[PDB]
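Heads up, the thing below is written out as structure tokens.
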Amino acid sequence: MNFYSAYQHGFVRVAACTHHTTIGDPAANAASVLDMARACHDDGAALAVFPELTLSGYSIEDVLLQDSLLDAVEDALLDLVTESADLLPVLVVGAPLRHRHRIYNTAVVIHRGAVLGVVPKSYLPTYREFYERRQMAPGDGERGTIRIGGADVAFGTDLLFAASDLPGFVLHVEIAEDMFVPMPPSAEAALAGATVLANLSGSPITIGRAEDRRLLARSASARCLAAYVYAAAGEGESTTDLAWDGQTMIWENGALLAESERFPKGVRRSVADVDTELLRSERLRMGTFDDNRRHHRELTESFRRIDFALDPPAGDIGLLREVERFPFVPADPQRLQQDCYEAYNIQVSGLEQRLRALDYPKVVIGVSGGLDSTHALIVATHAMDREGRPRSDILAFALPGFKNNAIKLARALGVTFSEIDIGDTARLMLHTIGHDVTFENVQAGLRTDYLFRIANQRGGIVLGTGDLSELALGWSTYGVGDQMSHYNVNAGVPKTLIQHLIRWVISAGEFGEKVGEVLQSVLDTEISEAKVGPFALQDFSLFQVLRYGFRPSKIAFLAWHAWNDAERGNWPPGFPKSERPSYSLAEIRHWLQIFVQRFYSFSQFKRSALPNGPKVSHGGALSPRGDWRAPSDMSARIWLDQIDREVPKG
Amino acid sequence: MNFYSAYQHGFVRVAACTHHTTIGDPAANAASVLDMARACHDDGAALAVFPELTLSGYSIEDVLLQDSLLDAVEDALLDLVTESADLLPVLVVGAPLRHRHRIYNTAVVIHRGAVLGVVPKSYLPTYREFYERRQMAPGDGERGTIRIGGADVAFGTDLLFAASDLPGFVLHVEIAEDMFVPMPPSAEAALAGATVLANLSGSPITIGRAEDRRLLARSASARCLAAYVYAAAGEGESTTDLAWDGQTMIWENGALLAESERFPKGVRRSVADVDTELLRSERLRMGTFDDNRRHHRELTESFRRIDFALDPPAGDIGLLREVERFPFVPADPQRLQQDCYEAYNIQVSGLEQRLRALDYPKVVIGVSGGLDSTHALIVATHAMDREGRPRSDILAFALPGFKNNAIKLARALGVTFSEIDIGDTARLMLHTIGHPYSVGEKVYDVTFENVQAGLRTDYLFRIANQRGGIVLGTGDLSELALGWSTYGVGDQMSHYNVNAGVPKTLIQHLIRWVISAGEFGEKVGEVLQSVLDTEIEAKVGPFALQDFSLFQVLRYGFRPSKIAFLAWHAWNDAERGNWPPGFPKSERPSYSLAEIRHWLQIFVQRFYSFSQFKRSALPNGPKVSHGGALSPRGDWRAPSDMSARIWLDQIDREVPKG
Amino acid sequence: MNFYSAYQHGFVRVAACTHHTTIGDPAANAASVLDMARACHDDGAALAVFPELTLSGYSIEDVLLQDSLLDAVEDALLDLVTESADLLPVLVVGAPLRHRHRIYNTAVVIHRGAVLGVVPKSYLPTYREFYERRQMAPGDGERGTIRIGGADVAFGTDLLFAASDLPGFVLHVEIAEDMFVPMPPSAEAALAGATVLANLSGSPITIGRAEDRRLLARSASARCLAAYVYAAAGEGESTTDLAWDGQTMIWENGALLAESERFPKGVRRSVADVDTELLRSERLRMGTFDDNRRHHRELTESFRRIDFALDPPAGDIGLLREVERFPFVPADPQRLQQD
Ligand SMILES: Nc1ncnc2c1ncn2[C@@H]1O[C@H](COP(=O)(O)OP(=O)(O)OC[C@H]2O[C@@H]([n+]3cccc(C(=O)O)c3)[C@H](O)[C@@H]2O)[C@@H](O)[C@H]1O
Ligand SMILES: Nc1ncnc2c1ncn2[C@@H]1O[C@H](COP(=O)(O)OP(=O)(O)OC[C@H]2O[C@@H]([n+]3cccc(C(=O)O)c3)[C@H](O)[C@@H]2O)[C@@H](O)[C@H]1O
Ligand SMILES: Nc1ncnc2c1ncn2[C@@H]1O[C@H](COP(=O)(O)O)[C@@H](O)[C@H]1O
Ligand SMILES: Nc1ncnc2c1ncn2[C@@H]1O[C@H](COP(=O)(O)O)[C@@H](O)[C@H]1O
């Protein structure tokens, strides 16, 4: 396998194009269309979508009904079809075409010298600035074939274009208004199998209309778990009554992959790599999507499937796609602030309920001066405040065995602080056992043991502080040890997020300037990754595994694109340059071997008996009662073997 | 509410009746039917099912086609209907009735002076000793109405008789052969709602046929999550070519509630209380049952529902049902022997897999001399033997704080044994914590108890790390139920729990079974027997009572007053019902309502509110009982932060003080 | 004619196999499947039924949704298909397979180098210890085809596999829970023609469950006048929350032909000679069975019949069947006392 090929990792390269319109001149439009398709071809694109009525112009009104115009459109269309014999992508081009009694507003799907199909617009707006039913017939409910340059090709609203060599790529096409009605053709098509939904638009621009386009193309792509590929008309359409902004865009399950300049000078393309495996993984897990199909079975079973062989380029063509280094940490500051606000209020409100339900017990917690326990102590405090409970009901413990930040934060917040040296107890235990992991574990164990007994003694509960990345990797001490508690507030927060939560608490500043300074000190001081690898890379793989179940080679491909060059892509706030590492393939490959071994084989038993705590990230959590049911007794051989066979050594 | 009324606890009393046949003489058969129905009424029955072609006799062949016979049947049927005005139960009576062109083999459903409906047999056997298509027409596909004594009443294979005051009682009726075809009318009727399936049979007896009847009525009742009420013809049928055994029976979800004497002299009845709530609870939970209905929706939606008001007796009429004292421990020795063999092989095979998967680590376990840990050590040994591992890889520990059976069993099995006294460590820990006892105070609270339980687990765990072993849990299912364990750092935690799915009441019989089988040898046998004798904490109540409630809650979700009723019927008299093997008379307690009520308050509080958090973070171990287990990854998903108020209030309002 | 050949007297030799499960490792499971299939071949068996989700392991939960796992299953399944080119028996193997939007819990029917069909479980328990709807889609009402290693093969709950040279052998396949609902797929298939009903089961063992299996597989075989061939998962399934007893069994019109050791150490097979003429003879005489089909004609006419040529061994291969000397006098004393 070619590891650097996007097509070999399930990507499909898609283009929404806005061409130069020459109204009433099909050969001119076709020439503009041919030039942009040759570009999409050079880019290795599999699909190029053009605007509504591309070949005539959308704005020409009663001129659509002129024989010479209709005739010119057919001739021009046929020329394009001929030219497509040497073009890689499927081209989806608008044309007014005659069929039976009328003309239809159609998209012609063209590929490698043939027309695969012809799709008529279903819903023809005849209100406000739109007059479409005057010239054109509704296509909803039309099936059968249409004759195009001596051949009968499939015609109708029930068509699916499936790549026989790219099973993840199933195209449905609809037109402009089709997307705006309470039950759009594209939503039935997704249920029936379509993964990529194209829209050819005219869409005269009005104040606020671009927002409406986005709202509907975006929600479509989220509701239908699909890529949505959208092209509107631009320069050249008539301005007798309307203006045109040429907007093009590509959405994937709710996220914007690419858009182009509004009101441009000259032609514009959006080009993106769509991840068919992402779409496939979401559909795999959301059972209710398939239930919805089954409830509408007669609607969804009636589609006709037109097969074609794409034969994509096999080499390196790069990756036209923003892959963030931190799935859990948005690079966009306004987004990351939102995430932090939500994470924090999840941890707090979850603890508050547990405390209300237990009639407000004291809160016992071991504070070491580290990031996790520090953050947990802040969570605990806010929870107690919110519930009108004295901060002295928090019992914080230093438990040194064989920092000041700890006692300072505690003092600054005004919780009850105390120290208990576990060394002598550990010595006694080591001796009694006749005594590495055991040495380490005897101390970790006695910490938990003490807290638990103090909790019994003082009418408290022990607060866990292990974080999501530690659960993922089994980096914790099971049972009698830090893995155990009465309630875990960090269980759902990945390590890479924790530092930004603390930053957010500081920046918000409701704990006061002292607390602020201590927390800032914790940060400066604190920033294991020796033996389990850098947490940036493990949190990366964790997301891919937990959200999508992607195979290891696909994970390596994504990580390498995100991390391999520190200069490319954006970093979140809070990364000075001395701390913007870049990773080689060899490194990514190494830590990924370690990740699959620890995640799939070693660590599950530790997750299996997990204390309570709230789920936090949309990426998922690792509760055996929630997002992650798995065997405690399984080997990781197949994952290790996949890496061995598919990921180059470096 | 009347706590002693079976009807108020969701029971329906049902009768399968075999009457005296007088072939060719409807008024005589009717008179036998009326006499048994008056009995079934006196018993407070809600339903009385009779045999196929009751009113004419099943065996009369072409005489069925004689007008005087057909006429006599109608007159006799109409007399019954009139008499039923003063009878409590719905009567289901067989009759050849004329409809359109032919006679149908039918069941007439009669209630309080009206005919509620008429059901024709669907499949008429015309092979071997059966000739039914010669005289009678197939009823499959017939709908509409039939005229009976001046009234149009529902006729067809699509009928459901629903009690308007007893929602759990929905009756469907089929006939004889109907139950034997690959897709029987009653299976569709169950999907559509029927909870009680009646079968009128003729069923000439042949060698082996009684077994076939049972196999099909039983599997029916299990697949359809229903009661199945079956009545065959007996004395009086013609013996020109056949004989008749009069068999009657009542099945409920796979279990036999009642059967009557085969080949009797005189009439016979089976009468049982059917638990509609048990049926309701199983349908509530088995989602795929409802999925099956949805898949056959056009079949299942077309049923016609005929409503009637039963108005059952409200007082104490007893409880015609065998309620076992020990849901987890069958009183039948052959049954209990089976259950033990299975429980034991479940425990062992589960541990073996964990051991194989961990490449055969040592097994660490704390042995106290008690029932649980003893049994666990036995389990562990057998697992190691089966995997061909040396018994010395089992590391057993005595861990005295502040027995010999323990060291003896260890020595007898040949596992590695050792002692570690946790006293000093506990002393140090109590002092470090500032607990009054480290200063001499005789304060033996939860912290004092817990410091010791904790250190036990803590030691085992560190030994496991040190010696490349895993810690075996030994807490049992009843302890998980009640939260009777020490959470987290304490006996609740381990690497693998073999007893997690076995209730306390079962454990002692598992040990007995291991002794009785005797493959560990006579020494081990003697030590185990000593553990039993020695070992046979009621702040949580008698485990017999809590295991009882646990089964009701975990399997059916029954309300507390229903549980009290059941437990009182099972436990209140030590002379009635059977005890399992191994209960000398000095140990056959009987409980009062007041007692049952007391321990039940404690059960609901502990089960639904206090203990879930301890179940929530549970080690791995195999499910054992069909009653269910308590793994939050398996049979029991529940909140760790809920109150038990409604349960406690239900007891307060519904269960008498004594 | 060869008087000593069981195949010439209307017998079909059938095997229910419980293999060594390696959870999450399809090439290992396929290797255990291939070894047992070679044995069934050497025995002259015409059919070998394996347990539910054979190729992945039944007990792996969310691991089923992992691309590497789904991928490994496909590669392993295609290796088996290739190996089957030299194997006599039809192989019925379990596999989680992707189709349309989801994965289905399926049985793949394999024969002489081809996949004859792919059958999805219809009813997916999601109660008590079972969580199937979480990972897998219900197969009831699915028809059409599925693409398996470059070919379109029949997919759905409506399939019959008929031996073109052994008219009495018509196979229907269902899965686990399918057999436990009031109106099971297998009862409509019998009405439609199936004489041999296979069941691939996971079936974690609980106290009393073995009795439930028997009651339902036995009553199914008696009600449907059929052979019922049943295989449950054993050693190697996860014991995170459940245990497994590896039970296999073969029923014929209400009678047990063969069963294997519960909780065995190592792999186990039941192997029996099913008498297709016996089944044929009972259906010939019990007219109400055909009446029942006619009453459900639209249900029963819709099945698709996939034809294959078995070409069984023609020589003496003995007779794996208890033939009592006295049809009228049972050799079992408890039974004879009853009679
Ligand atoms: N599948 C399975 N099912 C049941 N038991 C299983 C098991 N696999 C191992 N076991 C048993 O469980 C035990 C091993 O697990 P465990 O007791 O946790 O010990 P283990 O994971 O081997 O070691 C804990 C490690 O976590 C690291 N740690 C922990 C806590 C904090 C920090 C820090 O950053 O400061 C680091 C530390 O480096 C240490 O190396 C052994 O008894 C083993 O036999
Ligand atoms: N809902 C909830 N979520 C999270 N945490 C919760 C909680 N409710 C209490 N807690 C906390 O849990 C702790 C109380 O539970 P836990 O630590 O287990 O202790 P707890 O159940 O209060 O006491 C143990 C009891 O079990 C009996 N016991 C123990 C061990 C063995 C045996 C035997 O002989 O078989 C009997 C013993 O006599 C004692 O009465 C407290 O620290 C409390 O604040
Ligand atoms: N020296 C220490 N004193 C008190 N608590 C500690 C100390 N070291 C670690 N902990 C606590 O032990 C848990 C796990 O930390 P660690 O083992 O350092 O990753 C957290 O709750 C820490 O606060
Ligand atoms: N004296 C003891 N020696 C060894 N193990 C014990 C001892 N006491 C308790 N245990 C362990 O703790 C479990 C719970 O019993 P207990 O803690 O005594 O309530 C037992 O089943 C043993 O596994």
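If you go along the chain as it appears here, the first residue is 1 and each next one adds 1.
Cβ from N, Cα, C; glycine included.
The annotation active site, proton acceptor is assigned in Swiss-Prot to B:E52 on the grounds of sequence analysis. Non-local contacts of B:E52 (active site, proton acceptor) by the CB criterion (under 8 A, 6+ apart in sequence, same chain) comprise B:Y58, B:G94, B:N105, B:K121, B:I175, B:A176, B:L200, B:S201, B:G202, B:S203, B:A232, B:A233.
Cβ contacts within 10 Å of B:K121 (active site, for glutaminase activity), excluding its own Cβ and spanning all protein chains shown: 28. According to Swiss-Prot, the feature active site, for glutaminase activity maps to B:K121.
Swiss-Prot lists B:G366, B:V367, B:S368, B:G369, B:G370, B:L371, B:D372, B:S373, B:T474 with the feature ATP binding site, giving sequence analysis as the kind of evidence. Reduced to three states, the DSSP call for B:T474 (ATP binding site) is coil.
Contacts of B:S485 (deamido-NAD(+) binding site) defined by a Cβ separation under 8 A and a same-chain sequence distance of 6+ are given as B:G475, B:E479, B:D491, B:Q492, B:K614, in order along the sequence. In the three-state DSSP scheme, B:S485 (deamido-NAD(+) binding site) is classed as coil. Feature annotation from Swiss-Prot assigns deamido-NAD(+) binding site to B:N450, B:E479, B:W484, B:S485, B:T486, B:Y487, B:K614.
Under the heading region 'Disordered', Swiss-Prot lists B:618-637. Beyond the ends of the region 'Disordered' (B:618-637), by six or more residues, the same chain brings 327-328, 342-343, 346-347, 349-350, 354, 473, 477, 480-481, 492-503, 506, 550-551, 554-555 to within a C-beta distance below 8 angstroms of the stretch.
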Take the C-alpha atoms of B:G370 (ATP binding site) and B:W484 (deamido-NAD(+) binding site) and report the distance between them in angstrom, rounded.
15
Long-range Cβ environment of B:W484 (deamido-NAD(+) binding site), under 8 Å and at least 6 residues apart:
B:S478, B:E537, B:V540
Return the residue, from the listed binding-site residues B:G366, B:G370, with the maximum count of other C-beta atoms within 10 angstroms of its C-beta.
B:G366
With a radius of 8 angstroms around the mean position of the C-beta atoms of B:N450, B:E479, B:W484, B:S485, B:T486, B:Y487, B:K614, what other residues of the same chain does the deamido-NAD(+) site pick up?
B:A453, B:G475, B:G483, B:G490, B:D491, B:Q492
What other residues of the same chain, not counting B:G366, B:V367, B:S368, B:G369, B:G370, B:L371, B:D372, B:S373, B:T474, have a CB atom within 8 A of the CB centroid of the ATP site?
B:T374, B:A376, B:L377, B:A406
Near ligand 2, which of the recorded positions B:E52, B:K121, B:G366, B:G370, B:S485, B:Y487 have CB less than 6 Å from any of its atoms?
B:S485, B:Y487
Cα-Cα distance maximum in Å, computed over every pair in B:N450, B:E479, B:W484, B:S485, B:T486, B:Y487, B:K614 that the record assigns to deamido-NAD(+):
16
Check the DSSP secondary structure of B:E52 (active site, proton acceptor), expressed as helix, strand or coil.
coil
Determine the recorded positions, out of B:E52, B:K121, B:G366, B:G370, B:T486, lying near ligand 4 in the sense that the CB is under 6 Å from one of its atoms, and give them in sequence order.
B:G366, B:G370
In the structure shown, with every protein chain counted, which of the binding-site residues B:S368, B:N450, B:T474, B:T486 has the densest set of Cβ atoms within 10 angstroms of its Cβ?
B:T474
Cα-Cα distance linking B:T486 (deamido-NAD(+) binding site) and B:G366 (ATP binding site), given in Å to the nearest integer:
15
Of the binding-site residues B:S368, B:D372, B:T474, which sits closest to B:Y487 (deamido-NAD(+) binding site) by Cα distance?
B:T474
Which number gives the other C-beta atoms within 10 angstroms of the C-beta of B:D372 (ATP binding site), all protein chains shown included?
21
